[PDB]
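Engineer: Quick one: structure below, then a few questions.
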Amino acid sequence: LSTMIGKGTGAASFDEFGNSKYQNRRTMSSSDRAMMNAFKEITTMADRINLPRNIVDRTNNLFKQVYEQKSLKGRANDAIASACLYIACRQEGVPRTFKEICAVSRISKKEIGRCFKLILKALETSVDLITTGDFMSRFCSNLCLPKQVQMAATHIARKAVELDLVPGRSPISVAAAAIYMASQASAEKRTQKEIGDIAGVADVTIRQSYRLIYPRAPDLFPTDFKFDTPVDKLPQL
Amino acid sequence: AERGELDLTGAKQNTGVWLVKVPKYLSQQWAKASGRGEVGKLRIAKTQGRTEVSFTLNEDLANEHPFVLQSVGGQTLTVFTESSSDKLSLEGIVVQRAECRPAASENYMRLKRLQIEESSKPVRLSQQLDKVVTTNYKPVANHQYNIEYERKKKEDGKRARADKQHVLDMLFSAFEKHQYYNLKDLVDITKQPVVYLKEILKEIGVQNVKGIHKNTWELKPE
Amino acid sequence: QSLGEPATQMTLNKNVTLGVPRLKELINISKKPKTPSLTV
Amino acid sequence: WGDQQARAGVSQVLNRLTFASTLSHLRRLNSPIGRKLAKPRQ
DNA sequence: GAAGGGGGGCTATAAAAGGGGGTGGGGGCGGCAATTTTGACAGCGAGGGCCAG
RNA sequence: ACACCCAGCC
DNA sequence: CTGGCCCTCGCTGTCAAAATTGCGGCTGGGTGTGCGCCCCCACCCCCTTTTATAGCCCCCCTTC
């Protein structure tokens with residue numbers, strides 16, 4: 001409960017030498033100012049990847065809960081904010097990869113991961129496991145691929161995960177391999193560099209995921225899909 | 001005889017020179033000649049009661065410019081010279097002013113259009129993208145500057161705690177070098193842990209309050 | 001009310017000021033008039 | 001019109017009661033004179 | 001000199017040692033238009049002192 | 001609330 | 001003691017400028033919105049070692 005002092009209007013407002021005798025001496029707490037700095041940084045972070053305002057509100061809620069619960073005083077507020085943004089994105093059913101939140105933060109993957117682990121421990125809550133499906137609409141749309149390719153990639157990644165073709169591979173890597181090996185089946189083609197730089201995976205990760213997913217090529221595609229390229233014409237790395 | 005003296009032999013001789021204003025195309029053509037020696041000729045005819053002046057362009061340079069004379073008494077126009085030897089001399093005084101105009105009227109507007117088009121080559125206006133840009137904010141495990149800073153920090157390492165005598169030796173060199181000091185610069189020079197520096201400085205040094213910037217430490221034992 | 005009701009119908013503007021401006025001129029002091037005159 | 005002593009009413013909700021109303025609103029001019037001073041109104 | 005390949009580091013946990021360094025939390029230093037009021041100025045009065053009376 | 005427009009009747 | 005004259009000075013009227021308050025009456029819509037620097041003091045994290053585990057990824061090597 002505080003109010004500001006406006007700009008000077010006349011001679012009485014000013015002092016002998018070019019300065020106003022009343023100034024904006026705010027009475028904010030260190031705590032309120034530090035958490036307002038953090039909300040302002042969260043909004044800047046979220047607008048970088050065009051997150052909707054509801055995710056920002058959820059992130060603010062999680063940040064306030066962590067900052068009142070007071071168990072992570074030693075970690076930078078910007079790392080706690082990044083981890084909160086990751087948790088909020090994951091809770092809404094639209095998760096972002098750790099490297100995606102890293103790209104819009106000064107905080108590394110190491111540090112945001114540790115803060116995420118510690119926030120989950122502190123709040124005594126849990127989050128759903130990411131499926132190679134949620135990371136599909138974005139990783140595709142950004143690569144500019146048709147809608148039939150959306151369905152092909154979603155179905156094929158889901159089927160590959162379902163029958164346990166790929167042991168222990170991260171969902172990002174399986175999703176990216178699905179995008180690669182569903183893109184060549186259509187007219188629109190995408191090289192390794194684009195998919196790697198747009199999904200965060202290295203060339204060696206996508207190459208060995210491709211070589212693992214290749215042998216079960218025809219049984220994994222959807223039945224009703226236009227084979228612009230023959231199944232046997234996919235190039236093996 | 002002096003460096004700043006202006007030589008006035010030209011004025012004493014009353015040498016009269018001609019000031020001519022020419023468009024850009026003629027000057028550009030003359031420059032393109034690479035100083036071959038000749039670029040054109042000038043024809044001056046005098047009738048019983050009138051004077052005609054014109055410039056004939058060289059046929060080789062291309063692969064009739066009438067001249068108009070103006071008043072001279074409005075201003076005193078002269079010219080001086082400055083050389084690499086810092087010697088100032090006056091070549092002379094302008095006796096007549098000349099204006100060069102193109103004979104062509106309608107077709108010369110095409111050359112004006114070409115000149116305007118050339119002048120509008122480097123001006124920039126915003127473009128339009130068919131597809132939204134997605135190459136930015138690309139996911140990455142860590143930023144380049146961050147990993148560079150950690151590599152530097154782990155190559156250099158932490159500043160190692162030393163014995164009292166050797167840090168005191170740096171302190172001695174310090175207040176031999178300069179009377180007053182700032183805590184940060186002392187830390188940088190000594191390359192010692194900040195708590196250990198404060199512990200070894202409080203025993204001998206004292207903090208003096210100043211009304212100008214901030215309170216600071218004093219290296220003098222007394 | 002009886003003196004203010006005609007005021008709503010009168011218009012604005014030798015020149016002699018009349019109408020609402022003269023009513024303002026009259027009900028105030030107005031130490032400086034608008035169009036002084038003397039009917040001598 | 002400025003940062004969040006500035007002009008107000010520069011932007012208005014488009015009038016969608018009639019097509020003539022929309023056209024008239026899209027072709028409007030405003031004078032910043034305060035709302036006194038009969039000369040600019042003429 | 002681009003592409004694929006191999007070797008090796010990075011990532012998470014686990015206890016513990018001691019201390020440096022990073023991070024927060026203090027934390028003090030830093031528009032018309034008539035009215036109203038007040039002042040600034042130009043001026044003027046009566047009286048003092050001087051000289052005379 | 002608060003603010004700003006627009007509009008109706010004189 | 002009495003009277004004529006010019007002086008510093010006290011007081012006044014007069015002009016001027018800064019400062020001041022109000023500016024019709026009802027009504028109906030809609031639409032938007034809510035420090036700051038630099039320093040000093042406590043507290044926590046990482047520095048390091050160990051080892052298992054595996055996917056991921058950088059770097060160097062090699063191929064043609």
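Chain lettering (A, B, ...) mirrors the order of the structure tokens, residue numbering begins at 1 for each chain separately, and ligand numbering begins at 1 in order of display.
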For range 22-37 of chain D, find every residue with an atom within 10 Å (counting only C-alpha atoms (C1' of nucleotides)), except residues of its own chain fewer than 2 positions away, and show them as an NGL selection string.
Structural biologist: (:D and (7-10 or 12-20 or 39-42)) or (:E and (31-32)) or (:G and (23))
Engineer: With C-alpha atoms (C1' of nucleotides) retained, export the selected residues as a compact mmCIF listing (two decimals), in the first residue's frame.
Structural biologist:
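Written file, part-v7.txt:
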# COMPACT_ATOMS: atom_id res chain seq x y z
CA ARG D 7 -3.20 12.90 -26.41
CA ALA D 8 -6.33 10.87 -25.72
CA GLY D 9 -8.96 9.52 -28.07
CA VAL D 10 -6.52 8.99 -30.93
CA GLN D 12 -11.42 4.54 -31.01
CA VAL D 13 -13.63 1.45 -31.31
CA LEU D 14 -14.76 1.24 -34.94
CA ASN D 15 -18.46 2.06 -35.33
CA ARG D 16 -20.27 -0.94 -36.78
CA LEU D 17 -23.89 0.15 -36.70
CA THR D 18 -24.17 0.78 -40.45
CA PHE D 19 -21.82 0.59 -43.41
CA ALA D 20 -22.14 4.35 -43.86
CA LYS D 39 -13.11 30.51 -34.09
CA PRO D 40 -11.68 26.99 -34.76
CA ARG D 41 -15.22 25.58 -34.71
CA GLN D 42 -16.33 27.66 -37.70
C1' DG E 31 -7.27 27.29 -21.93
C1' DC E 32 -10.17 31.92 -20.91
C1' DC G 23 -16.11 27.11 -16.71
Engineer: Select residues of chain B: the criterion is any atom within 10 Å of an atom of chain G, counting only C-alpha atoms (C1' of nucleotides); output as a list in words.
Structural biologist: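 Here they are: residues 141, 154, 157, 158, 214 and 215 of chain B.
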Engineer: Measure the distance from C1' of residue 14 in chain E to CA of residue 112 in chain A in Å and round it to one decimal.
Structural biologist: 21.3 Å
Engineer: Neighbours of range 187-201 of chain B within 10 Å (only C-alpha atoms (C1' of nucleotides); same-chain residues fewer than 2 positions away dropped), as a PDB file with N, CA and C atoms (P, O5', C5', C4', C3', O3' and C1' of nucleotides), in the first residue's frame?
Structural biologist:
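So around28.pdb came out as:
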ATOM      1  N   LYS B 158      40.687 -20.725  -8.436  1.00  0.00           N
ATOM      2  CA  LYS B 158      40.520 -19.836  -7.280  1.00  0.00           C
ATOM      3  C   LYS B 158      41.854 -19.190  -6.888  1.00  0.00           C
ATOM      4  N   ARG B 159      41.814 -17.977  -6.318  1.00  0.00           N
ATOM      5  CA  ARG B 159      43.050 -17.325  -5.862  1.00  0.00           C
ATOM      6  C   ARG B 159      43.552 -17.942  -4.540  1.00  0.00           C
ATOM      7  N   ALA B 160      44.745 -18.537  -4.578  1.00  0.00           N
ATOM      8  CA  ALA B 160      45.247 -19.353  -3.471  1.00  0.00           C
ATOM      9  C   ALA B 160      45.685 -18.522  -2.258  1.00  0.00           C
ATOM     10  N   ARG B 161      45.233 -18.933  -1.068  1.00  0.00           N
ATOM     11  CA  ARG B 161      45.649 -18.337   0.203  1.00  0.00           C
ATOM     12  C   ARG B 161      47.152 -18.518   0.434  1.00  0.00           C
ATOM     13  N   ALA B 162      47.830 -17.434   0.811  1.00  0.00           N
ATOM     14  CA  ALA B 162      49.277 -17.385   1.003  1.00  0.00           C
ATOM     15  C   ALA B 162      49.637 -17.036   2.445  1.00  0.00           C
ATOM     16  N   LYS B 164      51.370 -14.898   5.602  1.00  0.00           N
ATOM     17  CA  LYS B 164      51.154 -13.505   5.986  1.00  0.00           C
ATOM     18  C   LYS B 164      52.258 -12.598   5.455  1.00  0.00           C
ATOM     19  N   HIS B 166      54.150 -12.693   2.765  1.00  0.00           N
ATOM     20  CA  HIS B 166      54.208 -12.417   1.334  1.00  0.00           C
ATOM     21  C   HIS B 166      53.064 -11.494   0.929  1.00  0.00           C
ATOM     22  N   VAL B 167      51.870 -11.688   1.509  1.00  0.00           N
ATOM     23  CA  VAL B 167      50.767 -10.751   1.278  1.00  0.00           C
ATOM     24  C   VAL B 167      51.110  -9.384   1.853  1.00  0.00           C
ATOM     25  N   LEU B 168      51.782  -9.358   3.005  1.00  0.00           N
ATOM     26  CA  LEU B 168      52.246  -8.091   3.549  1.00  0.00           C
ATOM     27  C   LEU B 168      53.269  -7.450   2.625  1.00  0.00           C
ATOM     28  N   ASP B 169      54.075  -8.258   1.931  1.00  0.00           N
ATOM     29  CA  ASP B 169      55.006  -7.703   0.954  1.00  0.00           C
ATOM     30  C   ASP B 169      54.266  -7.038  -0.202  1.00  0.00           C
ATOM     31  N   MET B 170      53.197  -7.670  -0.709  1.00  0.00           N
ATOM     32  CA  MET B 170      52.371  -6.986  -1.703  1.00  0.00           C
ATOM     33  C   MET B 170      51.753  -5.710  -1.150  1.00  0.00           C
ATOM     34  N   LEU B 171      51.299  -5.733   0.110  1.00  0.00           N
ATOM     35  CA  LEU B 171      50.759  -4.517   0.714  1.00  0.00           C
ATOM     36  C   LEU B 171      51.811  -3.422   0.769  1.00  0.00           C
ATOM     37  N   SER B 173      54.551  -3.057  -1.219  1.00  0.00           N
ATOM     38  CA  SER B 173      54.671  -2.552  -2.582  1.00  0.00           C
ATOM     39  C   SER B 173      53.481  -1.675  -2.939  1.00  0.00           C
ATOM     40  N   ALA B 174      52.302  -2.016  -2.412  1.00  0.00           N
ATOM     41  CA  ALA B 174      51.091  -1.277  -2.735  1.00  0.00           C
ATOM     42  C   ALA B 174      51.169   0.159  -2.218  1.00  0.00           C
ATOM     43  N   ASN B 182      41.376   1.528  -3.182  1.00  0.00           N
ATOM     44  CA  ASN B 182      40.007   1.035  -3.167  1.00  0.00           C
ATOM     45  C   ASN B 182      40.040  -0.484  -2.972  1.00  0.00           C
ATOM     46  N   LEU B 183      39.135  -1.019  -2.134  1.00  0.00           N
ATOM     47  CA  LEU B 183      39.210  -2.417  -1.675  1.00  0.00           C
ATOM     48  C   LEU B 183      39.247  -3.416  -2.835  1.00  0.00           C
ATOM     49  N   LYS B 184      38.440  -3.174  -3.871  1.00  0.00           N
ATOM     50  CA  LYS B 184      38.400  -4.029  -5.059  1.00  0.00           C
ATOM     51  C   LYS B 184      39.754  -4.075  -5.768  1.00  0.00           C
ATOM     52  N   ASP B 185      40.355  -2.909  -6.037  1.00  0.00           N
ATOM     53  CA  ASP B 185      41.640  -2.863  -6.738  1.00  0.00           C
ATOM     54  C   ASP B 185      42.738  -3.527  -5.917  1.00  0.00           C
ATOM     55  N   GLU B 203      44.190  -5.580  11.091  1.00  0.00           N
ATOM     56  CA  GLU B 203      45.182  -5.542  12.163  1.00  0.00           C
ATOM     57  C   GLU B 203      46.044  -4.286  12.076  1.00  0.00           C
ATOM     58  N   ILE B 204      46.459  -3.913  10.865  1.00  0.00           N
ATOM     59  CA  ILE B 204      47.345  -2.777  10.676  1.00  0.00           C
ATOM     60  C   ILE B 204      46.631  -1.552  10.105  1.00  0.00           C
ATOM     61  N   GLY B 205      45.609  -1.734   9.268  1.00  0.00           N
ATOM     62  CA  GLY B 205      44.928  -0.636   8.621  1.00  0.00           C
ATOM     63  C   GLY B 205      43.659  -0.227   9.339  1.00  0.00           C
ATOM     64  N   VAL B 206      43.208   0.989   9.037  1.00  0.00           N
ATOM     65  CA  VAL B 206      41.969   1.540   9.570  1.00  0.00           C
ATOM     66  C   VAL B 206      41.180   2.167   8.428  1.00  0.00           C
ATOM     67  N   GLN B 207      39.862   2.231   8.614  1.00  0.00           N
ATOM     68  CA  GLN B 207      38.922   2.794   7.648  1.00  0.00           C
ATOM     69  C   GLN B 207      38.646   4.260   7.973  1.00  0.00           C
ATOM     70  N   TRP B 217      39.599   1.961   3.135  1.00  0.00           N
ATOM     71  CA  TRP B 217      40.725   1.517   3.953  1.00  0.00           C
ATOM     72  C   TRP B 217      41.977   2.371   3.729  1.00  0.00           C
ATOM     73  N   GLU B 218      42.830   2.424   4.756  1.00  0.00           N
ATOM     74  CA  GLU B 218      44.107   3.134   4.723  1.00  0.00           C
ATOM     75  C   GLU B 218      45.225   2.143   5.005  1.00  0.00           C
ATOM     76  N   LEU B 219      46.212   2.096   4.111  1.00  0.00           N
ATOM     77  CA  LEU B 219      47.300   1.137   4.239  1.00  0.00           C
ATOM     78  C   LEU B 219      48.379   1.564   5.221  1.00  0.00           C
ATOM     79  N   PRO B 221      50.135   1.979   8.603  1.00  0.00           N
ATOM     80  CA  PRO B 221      49.908   1.351   9.918  1.00  0.00           C
ATOM     81  C   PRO B 221      49.458   2.334  10.986  1.00  0.00           C
TER      82      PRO B 221
ATOM     83  P    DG E  19      39.476 -24.127   6.853  1.00  0.00           P
ATOM     84  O5'  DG E  19      39.212 -23.435   5.446  1.00  0.00           O
ATOM     85  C5'  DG E  19      40.194 -23.521   4.434  1.00  0.00           C
ATOM     86  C4'  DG E  19      39.678 -22.923   3.143  1.00  0.00           C
ATOM     87  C3'  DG E  19      39.221 -21.477   3.292  1.00  0.00           C
ATOM     88  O3'  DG E  19      39.931 -20.699   2.344  1.00  0.00           O
ATOM     89  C1'  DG E  19      37.532 -22.767   2.216  1.00  0.00           C
ATOM     90  P    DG E  20      39.666 -19.138   2.096  1.00  0.00           P
ATOM     91  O5'  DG E  20      39.070 -19.113   0.617  1.00  0.00           O
ATOM     92  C5'  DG E  20      39.817 -19.667  -0.460  1.00  0.00           C
ATOM     93  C4'  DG E  20      39.037 -19.625  -1.774  1.00  0.00           C
ATOM     94  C3'  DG E  20      38.624 -18.229  -2.200  1.00  0.00           C
ATOM     95  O3'  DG E  20      38.719 -18.146  -3.609  1.00  0.00           O
ATOM     96  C1'  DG E  20      36.670 -19.500  -1.785  1.00  0.00           C
ATOM     97  P    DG E  21      38.406 -16.782  -4.385  1.00  0.00           P
ATOM     98  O5'  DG E  21      36.876 -16.916  -4.787  1.00  0.00           O
ATOM     99  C5'  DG E  21      36.476 -17.861  -5.755  1.00  0.00           C
ATOM    100  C4'  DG E  21      34.976 -17.812  -5.917  1.00  0.00           C
ATOM    101  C3'  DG E  21      34.440 -16.409  -6.183  1.00  0.00           C
ATOM    102  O3'  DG E  21      33.692 -16.442  -7.397  1.00  0.00           O
ATOM    103  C1'  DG E  21      33.235 -17.430  -4.397  1.00  0.00           C
TER     104       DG E  21
END
Engineer: When you draw a straight line from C1' of residue 42 in chain G to CA of residue 71 in chain A, how long is it in Å?
Structural biologist: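 These two atoms are separated by 15.9 Å.
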Engineer: Please run DSSP on the backbone and report, as a PyMOL selection string, all residues within range 32-185 of chain B that come out as helix (DSSP H, G or I).
Structural biologist: chain B and resi 32+59-62+108-119+144-156+164-177+183-185
